[PDB]
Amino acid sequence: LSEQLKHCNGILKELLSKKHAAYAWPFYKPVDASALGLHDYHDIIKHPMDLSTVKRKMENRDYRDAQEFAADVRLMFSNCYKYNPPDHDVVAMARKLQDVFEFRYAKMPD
């Protein structure tokens, strides 16, 4: 990994760590819309994204730069803001995890 992608990998590891598990856990795995009863999920959300997919793409060297990584993480949050009422608990959890992400992403070496 490049220096910037090392920083992204560190962010990823942090977002998956026990320190943030109380609000990060809905984002660990792909939304299983059928299991959750969300039968309109894939009509509303065109591009699903989750942290296990980000992790697989990092491991496979899919991301060519930090911007591509950031776009996927932010896409995950945007899907949550699109599908759920703004006052829902899961949106509150998204906001808190995105705060962790954005403040550490801003510390990118450059």
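Heads up: residue numbers just count along the shown sequence, starting at 1. Rigid core here is just the name for the largest C-alpha set that superposes within 1.5 Å across the two forms.
For the pair 33-41 and 77-85, rigid core superposition yields a higher RMS C-alpha distance in 7 other deposited structures of this protein in 33-41. Note on 99-107 vs 1-9: mean CA B-factor is higher in 1-9. Higher average CA B factor: 28-36, of the stretches 75-83 and 28-36. When the CA B factors of the chain's modelled residues are split into thirds, the value for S52 lands in the lowest one.
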